[PDB]
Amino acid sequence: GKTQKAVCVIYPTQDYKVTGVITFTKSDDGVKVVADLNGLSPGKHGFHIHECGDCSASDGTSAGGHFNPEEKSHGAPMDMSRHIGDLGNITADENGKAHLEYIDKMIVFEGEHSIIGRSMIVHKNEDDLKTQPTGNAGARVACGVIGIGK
């Protein structure tokens, strides 16, 4: 039937140790994003869906730009002017552990906007939610492909 769940295991790019799992679950109000990552420098990291489910490059550049089927500007999750892939920042604690849970009202699992087969990228720096086209989040520290869950 209709995909209710997506799963993304992220793997570090060259010179990083960032790992973890992101799950996407259909909720009444949209899609519940739950991320559990480790090996991050403490503080805020850009947390995005990129347009290619291609994590073959050593530095994650194969994932391409932000997933942007609506051809909009880069912004914050709460902005109307955002990429579908703009999931904001994930915060790592003093031990490099990062937990995020929020409800996204734009991401879907079917049709032109479907995130299935796209990539998750975690960035080295904070997404400032304003600078075009990526929020100045800098290098890619981890990459994974979003798959169909059950």
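One rule holds for the numbers: they count along the sequence shown, beginning at 1.
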Ranked by mean Cα B-factor in the entry, 45-53 and 93-101, top stretch is 93-101
Once average C-alpha B-factors are taken from the entry for 127-135 and 5-13, the winner is 127-135
Residue set 59, 112, 36, 86, per-entry CA B-factor max assigned to 112
Of the three thirds of the chain ranked by Cα temperature factor, residue 82 occupies the highest
Tertile call for residue 66 (CA temperature factor, within chain, third-based) is the middle
Among the modelled residues of its chain, the C-alpha B-factor of residue 40 falls in the third labelled middle
